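Bear in mind these aren't lab numbers, they're just calculated from the coordinates by the rules spelled out. Cβ: placed from backbone, ideal geometry, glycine included. Neighbour counts: every protein chain shown.
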């Protein structure tokens, strides 16, 4: 669910990085 | 990096610099 949260507001590369493989 | 908007194409862009040649998730919510 990153599209239903990172596309409704702004996120942070800090966390944005936890979505990698 | 003082405000990043992610969504669709831009979603992978931000996840791109973080992931790099390692592949990201970019999974759909529903």
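What does the structure give for B:3-13 when I average, per residue, the other chain Cβ atoms found within 10 Å of the residue Cβ?
On the way: counts 2, 6, 5, 12, 5, 2, 0, 2, 7, 0, 0.
Neighbouring Cβ atoms belonging to other protein chains average 4 per residue here.
Taking beta carbons within 10 Å but only from partner chains, what does the mean come to for residues A:1-13? Please list the in-between numbers first.
Working: counts 4, 11, 9, 3, 2, 10, 7, 2, 2, 6, 6, 4, 7.
Partner Cβ neighbours, averaged per residue: 6.
Once the Cβ-Cβ distance between residue B:28 and residue B:1 is put in as r, and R0 is 22 Å, what FRET efficiency do you end up with, to the nearest 0.05? Before the final figure, lay out each step's value.
Numbers: r = 26 Å, r/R0 = 1.17.
Calculated value: 0.30.
Taking beta carbons within 10 Å but only from partner chains, what does the mean come to for residues B:16-25? Provide the component values of the computation, followed by the final result.
Details: counts 1, 3, 8, 5, 1, 0, 2, 2, 6, 5.
Mean partner shielding for this stretch: 3.
Report the Cα centroid-to-centroid distance between chain B and segment A:3-21 in angstrom, as an integer.
Going from one Cα centre to the other spans 7 Å.
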